[PDB]
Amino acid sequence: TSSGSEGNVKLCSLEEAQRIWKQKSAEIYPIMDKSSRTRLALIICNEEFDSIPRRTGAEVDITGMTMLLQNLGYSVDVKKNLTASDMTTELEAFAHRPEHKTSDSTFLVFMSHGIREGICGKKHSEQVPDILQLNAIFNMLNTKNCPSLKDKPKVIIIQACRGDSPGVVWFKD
């Protein structure tokens, strides 16, 4: 059955769930009551850019990821075609959402063009860079800026190039 809330995500049986709490003791992140908990996720996807080419197919990634994160129990916020300044504002706002207090974890997902230095905002070009740094995301989600998410896993996912190279070398078989 895959018509339920978890969809195509394979369920974890109660026998397997308690056998996982046997392999490792208090070395697992605590999970909140399914009843009361208010899990938040956030996807920022840039498809339409001013100068750099269009990311045809990003919609399938937005669809796929959103559905997956919902299956895992998160309320997915989807944001699109933002500048590095705009992304900061939205990351700042997500860090201020009250639901984190009644949450156990979060997922941040960024899908855009990227360079060696960071993630590209909608208005990016080689002459006028519009870049969000990996550093910025962490800084904005740490204990100083996001105290609600203290002691709770924060999972950041980035789909992007990190440079121009194909990342391959040849060798004799």
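The term rigid core refers to the most C-alpha atoms you can superpose between the two forms while keeping them within 1.5 Å. Residue indices: 1-based, along the sequence shown.
Item to complete: Return whichever of 108-116 or 25-33 has the larger RMS Cα deviation from the displayed form in 5 other deposited structures of this protein, where every structure is aligned on the rigid core.
Response: Between 108-116 and 25-33, greater C-alpha deviation in 5 other deposited structures of this protein belongs to 25-33.
Practice prompt. Just give me the stretch that moves more in 5 other deposited structures of this protein: 16-24 or 146-154, judged by RMS C-alpha distance after a core fit.
Written response: Most displaced of the pair in 5 other deposited structures of this protein: 16-24.
Worksheet item: Mean CA B-factor: is it higher for 163-171 or for 2-10?
Response: Averaging CA B-factors over each stretch, the winner is 2-10.
Worksheet item: When the C-alpha temperature factors are averaged for each of 110-118 and 37-45, which stretch ends up with the higher value in the entry?
Response: Higher of the two, by average CA B-factor, is 110-118.
Discussion item. Per the entry's Cα B factor values, which of 31, 68, 128, 141 stands out as the maximum?
Written reply: The C-alpha B-factor peaks, among 31, 68, 128, 141, at 128.
Worksheet item: Hey, out of 137, 62, 146, 26, whose CA B-factor is highest in the deposited coordinates?
Response: The record points to 26.
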